[PDB]
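Just the one chain here, laid out as structure tokens, in the form deposited in one PDB entry.
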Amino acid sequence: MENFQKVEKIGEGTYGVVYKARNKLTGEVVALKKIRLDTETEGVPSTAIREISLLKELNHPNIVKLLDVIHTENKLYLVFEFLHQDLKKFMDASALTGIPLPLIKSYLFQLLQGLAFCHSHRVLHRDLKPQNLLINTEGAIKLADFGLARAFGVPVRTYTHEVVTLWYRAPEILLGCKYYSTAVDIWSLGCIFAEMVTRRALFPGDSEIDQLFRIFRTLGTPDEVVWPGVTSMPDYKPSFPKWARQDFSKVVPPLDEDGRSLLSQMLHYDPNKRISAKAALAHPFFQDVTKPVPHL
């Protein structure tokens, strides 16, 4: 750590504060994650044990690069490449006008290629959300924060006590299968796209159940036609109120036909039909993607 000059704090996440900091020898700017290393209670946290081993294999433009781990006795330091903002912030700083169409279809494109890489390396992110997407002033945008990611060499069993987030969480989990799939990453991305479109969280629930119900209010409540399985999912109830699927162009006015087609496949109820990252990248909506920079 000799050669870092801490420059200012720029966030926490999860067992650690993030600094902006600069390497006094190369001049490179970086983002340091400092970990609480209690060498008497818990040892290395399980997040940091994921984030690192995972990221250390994923090397790629829309995954945040992990430069180096300084492993002292009492301190663990993760050196990341450095990105100036997060999409959450951007969108906040930018609602009122909204993020430019073009910028949006760029972002989504890139997130798809990031994720698309993640899955094809047997690696699940689970925690998609604008706070965990970092952008830079060249109009890049990079999956980040892998403390929740799991390898799925074997299927990944659900937390009953999901410490996971609302807001962006597949209905299949909310009805409590005992596994995650690729699909959940997509579902989140889905919603982020929406939000980016419409400058408000597509599904802002206040509880596991409000959240189901907000989705149902938008997608309309699902049946067995639409989602073979549902009626027999642990959290499923014939209690549920029937809502009626809504015209998307109601939800995402600004979106053109191509966009909406993409969205509505993204948000498919059936994990088994919901489009993959690979496949989305091939969607028509991407046709005239470019690379605008943010107004940062």
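Residues that one form lacks are left out of the comparison. Think of the rigid core as the biggest set of C-alphas that the two forms share within 1.5 Å after superposition. Heads up: residue numbers just count along the shown sequence, starting at 1.
Of the other structures of this protein that model both sides of residue 37, a third or more give it no coordinates. For the pair 68 to 76 and 101 to 109, the mean B factor over Cα atoms is greater in 68 to 76. As recorded in the PDB entry, 160 to 168 is the stretch of 213 to 221 and 160 to 168 with the greater mean C-alpha temperature factor.
Annotation for 153, 139, 147, 114: 139 ranks highest, by Cα B-factor.
Taking the PDB entry at face value, the top CA B factor among 245, 60, 50, 260 belongs to 245. Annotation for residue 30: CA B-factor lies in the lowest third of the chain's modelled residues.
Sort the chain's modelled residues by C-alpha temperature factor and residue 181 lands in the middle third, per the entry. Among all modelled residues in this chain, the alpha-carbon of residue 88 has a temperature factor (C-alpha) in the middle third. In the deposited entry, the Cα temperature factor of residue 94 sits in the top third of values across the chain's modelled residues. Residue 226: CA B factor lies in the highest third for its chain, per the PDB record.
One more form of this protein should be noted, the form deposited in another entry, which is absent from this view; the next part is about it.
The Cα shift for residue 72 between the shown form and the other one, taken after rigid core superposition, is 2 angstroms or larger. Superposition of the core reveals a Cα shift of 2 Å or more for residue 150 between the shown form and the other one. The Cα position of residue 90 differs by less than 2 Å between the shown form and the other one after fitting on the rigid core. Relative to the shown form, the Cα atoms of residue 130 and residue 50 move apart by 3 Å or more in the other entry. In the other entry, the separation between the C-alpha atoms of residue 279 and residue 147 shrinks by 3 Å or more relative to the displayed form. Shifted segments between the shown form and the other one, defined as at least 3 consecutive common residues whose CA atoms all move 2 Å or more after rigid-core fitting, lie at 1 to 36, 44 to 55, 66 to 82, 145 to 156.
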